[PDB]
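**Q** task: produce atomic coordinates for the following.
(chains A and B, ligands or ions: 3)
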Amino acid sequence: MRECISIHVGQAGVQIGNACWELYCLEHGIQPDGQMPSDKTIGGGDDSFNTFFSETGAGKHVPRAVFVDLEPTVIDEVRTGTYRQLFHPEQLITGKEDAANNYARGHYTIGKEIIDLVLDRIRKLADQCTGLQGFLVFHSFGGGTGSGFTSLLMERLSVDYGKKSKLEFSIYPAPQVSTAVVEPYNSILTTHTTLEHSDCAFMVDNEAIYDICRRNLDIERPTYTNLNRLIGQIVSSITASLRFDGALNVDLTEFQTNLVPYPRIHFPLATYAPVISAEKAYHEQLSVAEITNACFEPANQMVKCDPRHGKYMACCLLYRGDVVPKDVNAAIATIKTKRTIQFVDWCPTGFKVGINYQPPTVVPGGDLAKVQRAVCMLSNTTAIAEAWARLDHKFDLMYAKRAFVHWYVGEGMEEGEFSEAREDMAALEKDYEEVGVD
Amino acid sequence: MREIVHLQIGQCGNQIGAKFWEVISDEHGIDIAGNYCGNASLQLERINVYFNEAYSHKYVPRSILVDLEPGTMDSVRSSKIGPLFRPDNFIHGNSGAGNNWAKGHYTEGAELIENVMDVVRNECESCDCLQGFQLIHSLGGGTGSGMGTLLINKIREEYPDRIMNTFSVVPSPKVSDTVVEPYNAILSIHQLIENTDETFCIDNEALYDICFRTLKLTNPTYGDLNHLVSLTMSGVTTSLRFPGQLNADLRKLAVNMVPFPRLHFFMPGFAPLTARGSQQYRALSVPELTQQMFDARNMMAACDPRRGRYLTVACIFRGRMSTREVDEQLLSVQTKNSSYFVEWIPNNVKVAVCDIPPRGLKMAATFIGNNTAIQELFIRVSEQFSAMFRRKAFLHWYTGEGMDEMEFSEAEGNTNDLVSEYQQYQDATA
Ligand SMILES: COc1ccc(C[C@@H]2NC(=O)/C=C/C[C@@H]([C@H](C)[C@H]3O[C@@H]3c3ccccc3)OC(=O)[C@H](CC(C)C)OC(=O)C(C)(C)CNC2=O)cc1Cl
Ligand SMILES: Nc1nc2c(ncn2[C@@H]2O[C@H](COP(=O)(O)OP(=O)(O)OP(=O)(O)O)[C@@H](O)[C@H]2O)c(=O)[nH]1
Ligand SMILES: Nc1nc2c(ncn2[C@@H]2O[C@H](COP(=O)(O)OP(=O)(O)O)[C@@H](O)[C@H]2O)c(=O)[nH]1
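**A** Numbering: from 1, shown residues only, chains lettered A, B, ... in the order given. Ligands and ions are numbered 1, 2, ... in the order given. Sharing the structure here:
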């Protein structure tokens, strides 16, 4: 009755989604060939992981995934890896020419020659689903494909699936691991284009994942594998309310109502406490109050910004593992006695705690340690305006002398689209300030 | 799978390209018979950009060796790399252009464009996907400069959606005694401004300076200069030849490095630059490589980067080094010397580490920079052009081939406008 179609646009989206589907199969116990030991005894669907894993007649749990790139490298990497038979070859779309870290290439010239094939695969996956809620678009703000083709896809899915709500798991650019210089340009342009076409966007920057990996997993050179494993853990326990039993956030509409008051203020911030290295596995344990405090720690967020200078709007605390609901309320009361967390001047509800008793599973061979108590804090705040202000500051710095603009006007775009996207992000900054001023 | 079509025009382009393909085949573990003989699987990955894989593991390069004289083809075939190249891809005319840009751009170049475009289309038709074109030539001579810019214009006409990368060797009075090399250099620079997307300005003056001061050579031959350019051109395309973080596959390199459509002249450099037979006595580590990477004495264009601002940097390190120390040293260089980088292009220094070093060196550091100091090179060539043009020396050899006298003034005005644009983006502050 509820079905979701995960879309992975770009290299970042494809790699993050491959790690995410690996962790989904690990959490649900699904074998890499597609069969299931335990829950294939029934042989039927609608067991709350039929939102993501479609079941065929042979018992194979093929995921509801569409992997898109304009470059066939990472698609062949997932076509060669351990889940090569789990994903259908029709749903793994490759390309010939890249978008070359250009928004206008992936939105107007190179992405326009492949958009109908991806729309055809999306409709082919949607025709199998009878209760489809929407899509989870995995992409990146910086790259060419993951910005331009994601914006084109969001326009097409809004004009074709207008009764559906589309989540996003975007990758905010980091200067520590950056493939290009024009990542502010692509980021501002795809944020302006997917503001009217996205319903709840979970942007996560690689700078916060970089800092968390370096300060917790003790890797001074974090590769893309460690970042992929950590963001796969983050997104997997984001979606753990959706693939499991019903306490809260059981639907994309529930995601849009519990956190998102405005059509334009739709950028929550996730926070995860038990990010511990695999060597420090049996050193100690972690109580509920301290992991709630670390979920309110500003250095543990998925976005490098400070929430104490802004005002909250919502908090969906999502607990994993064997967590008793008694001391969670004591943790809530100790958080509430701290007046650093300051909600808006409407009826603010509070920390909507839901508890899933399934223990969290980490990847064997990964740097993340296996833990018994895990917690995800989805919070809507006005602290994301700092990240958008950083992006618009870099945009203004590069656009003051119109640097790199000829790479965009030469691929079909207009000159005034940059000023239009700058004005739209200025309006988003003004909206976040108007919520922030009371 | 993307693929670059390599073109070598002229004596200098053919000799530098022969040395370059020798160093590339040594780095990739390919012998002269076209068979792989390396011990690493990283060398075989991304081999399709430069080497055409024929049947039964035969790695022939996609090099189109072009001249107007067969002597350079005979000299290439006299070396070991003659059997390595495709014998159908050798093109030579009957007589050379003879240091005349007009004779290599209007008559002999025009009569050889149809054959070289037939060979270009023959290489292009078998492509699963074309990435772009790589050209090695010299701006001083006649066939190299003139037929290089004519082939650039014809390739831009036939494939306007493909990138164009040139390795243009700017002539010097300290290495060649021909007088009209400012004419060919300035006319080719005027063509390269308007018809190319990427240009690696290699200067023979800077190579002579490095071989004179650093390498302690009293009489630097063409072999030492070609060894230096072969080292730098091998290190520059280590992003194209190997997978990495900063992949920079031609169009991505042009998107990163070129902010303005005429300011596409790069300033290549190589930090452990040593003469042949003496590279085994060099101590190699990270911060000495970074402090030699940005040295004006070490850099391969006759410019002072301390007098300009780096618009975009692409530092690619080569060898077995810790990337934490490399990134720490480069952020220390960017922060401690923040007056030498532009403030209106944030995070303009891109660092990559490739674990495969060039042979003979354990650690290497190749630097690509869109510095503003290349206007000193263009000022030097334009001032030699003005000194040879204000009293019209040897203009009858150019106007006798159908060239108008307005074309020289148009080339001078275009190079002076490029110098003015470089000075404007140097003096501007955010
Ligand atoms: C500062 O901002 C905030 C302050 C507090 C909160 C807490 C948050 N407040 C809201 O969600 C306000 C929602 C407006 C309506 C909107 C107007 C409905 O037409 C939407 C609709 C939805 C589904 C189907 C048809 C129509 O949604 C609801 O009634 C949802 C629908 C449930 C049953 C799925 O139910 C709830 O509210 C829950 C899930 C039981 C509890 N929710 C809350 O405590 C959130 C924010 Cl962002
Ligand atoms: N966390 C994480 N980020 C990634 C990964 N791969 C790429 N990125 C991010 O992706 C951003 C740029 O996008 P690209 O990697 O070039 O992918 P793209 O959107 O397809 O762009 P093109 O390949 O040029 O078409 C960089 O800023 C990286 O931060 C990954 O595996 N994990
Ligand atoms: N660095 C370098 N420059 C060279 C070499 N050979 C020639 N040159 C330069 O390139 C120009 C020669 O151009 P060339 O191809 O011979 O044109 P042509 O005279 O018409 O045949 C001269 O200005 C030389 O300064 C070389 O081996 N190395």
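**Q** near the closest residue to chain B within the stretch 301-438 of chain A, how many other residues are there?
**A** Residue nearest to chain B within the stretch 301-438 of chain A: residue A:403 (4.0 Å; CB to the nearest CB). C-beta coordinates here come from the backbone N, C-alpha and C atoms, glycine included. Neighbour count of residue A:403, defined by other CB atoms under 10 Å in any protein chain shown: 24.
**Q** next: residue B:304.
**A** 12.
**Q** ok, the closest residue to the residue of the stretch 301-438 of chain A closest to chain B other than its chain neighbours - contacts?
**A** Leaving aside its chain neighbours, residue A:403 sits nearest to residue B:259 (4.0 Å; criterion: CB to CB, 6 or more residues apart in numbering or on different chains). For residue B:259, the contact set (CB atoms under 8 Å, 6 or more residues apart in numbering or on different chains) comprises A:403, A:404, B:311, B:312, B:345, B:370.
**Q** the fourth one: neighbour count?
**A** I take that to be residue B:312. Residue B:312, neighbours per other CB under 10 Å, totals 24.
**Q** again with the last one
**A** The criterion is other CB under 10 Å. On that basis, residue B:370 has 24 neighbouring residues.
**Q** report the contact partners of it.
**A** Contacts of residue B:370 (CB under 8 Å, 6+ apart): B:257, B:258, B:259, B:263, B:264, B:265, B:266, B:267, B:310, B:311, B:312, B:313.
**Q** quick one: which of these is nearest residue A:230?
**A** residue B:313 (29.6 Å; CB to CB).
**Q** hey, what's the closest one bridged with?
**A** Beta-bridge partners for residue B:313, by DSSP bridges, are residue B:349, residue B:369.
**Q** now the residue in the stretch 201-350 of chain B positioned nearest to ligand 2. Nearest residue, chain neighbours left out?
**A** Residue of the stretch 201-350 of chain B nearest ligand 2, by CB to the nearest ligand atom: residue B:252 (6.6 Å). Spatially, and ignoring its direct neighbours in sequence, residue B:252 is nearest to residue A:100 (5.0 Å; CB to CB, 6+ apart).
**Q** what comes up buried for stretch B:314-328?
**A** B:314, B:315, B:316, B:317, B:318, B:319, B:321, B:323, B:326, B:327 (16 or more other CB atoms under 10 Å in any protein chain shown).
**Q** got the end-to-end distance for it?
**A** End-to-end distance for stretch B:314-328: 16 Å, by CA to CA, to the nearest Å.
**Q** the closest residue to residue B:342 other than its chain neighbours and ligand 3: what is the separation?
**A** Closest residue to residue B:342 apart from its sequence neighbours, by CB to CB, 6+ apart: residue B:309 at 5.0 Å. Separation of residue B:309 from ligand 3 (CB to the nearest ligand atom, to the nearest Å) stands at 28 Å.
**Q** burial of residue B:309, as a residue count?
**A** 23.
**Q** wait, does stretch B:236-244 contact ligand 2?
**A** No. Stretch B:236-244 stays clear of ligand 2 (CB under 6 Å from any ligand atom), getting no nearer than 12.1 Å.
**Q** now do the contacts for residue A:2.
**A** Here residue A:2 is in contact with A:51, A:131, A:133, A:250, A:251 (CB under 8 Å, 6+ apart).
**Q** who wins for neighbours among these?
**A** residue A:51 (27 neighbours).
**Q** thought that residue was touching residue A:243?
**A** Yes. Contact criterion CB atoms under 8 Å: residue A:51 and residue A:243 qualify, at 6.1 Å.
**Q** tell me the SS of the nearest residue to residue A:353 once chain neighbours are set aside?
**A** Among residues not flanking residue A:353 along the chain, residue A:317 sits closest, at 4.6 Å (CB to CB, 6+ apart). At residue A:317 the chain is in strand, as set by DSSP: H, G, I helix; E, B strand; the rest coil.
**Q** which of the contacts of residue B:259 sits closest to residue A:310?
**A** Out of the contacts of residue B:259, the member with the shortest distance to residue A:310 (by CB to CB) is residue B:345, at 29.9 Å.
**Q** quick one, phi/psi of the closest one?
**A** Dihedral pair for residue B:345: phi -120, psi 100, per degrees, to the nearest 10.
**Q** which residues does the residue nearest to it when sequence neighbours are not counted contact?
**A** With CB to CB, 6+ apart as the criterion, residue B:345 has its nearest non-adjacent residue at 5.8 Å, and that residue is residue A:403. By CB under 8 Å, 6+ apart, residue A:403 lies in contact with B:259, B:260, B:344, B:345.
**Q** at 10 Å instead, please
**A** By CB atoms under 10 Å, 6 or more residues apart in numbering or on different chains, the residues touching residue A:403 are A:181-182, A:185, A:397, B:258-260, B:263, B:311-312, B:342, B:344-345, B:348, B:425.
**Q** and the residue of the stretch 201-350 of chain B closest to ligand 2, that's in a helix?
**A** Yes. Assessed by three-state DSSP, residue B:252 belongs to a helix.
**Q** so what's residue B:51 bridging to?
**A** Going by DSSP bridges, residue B:51 is paired in beta bridges with residue B:61.
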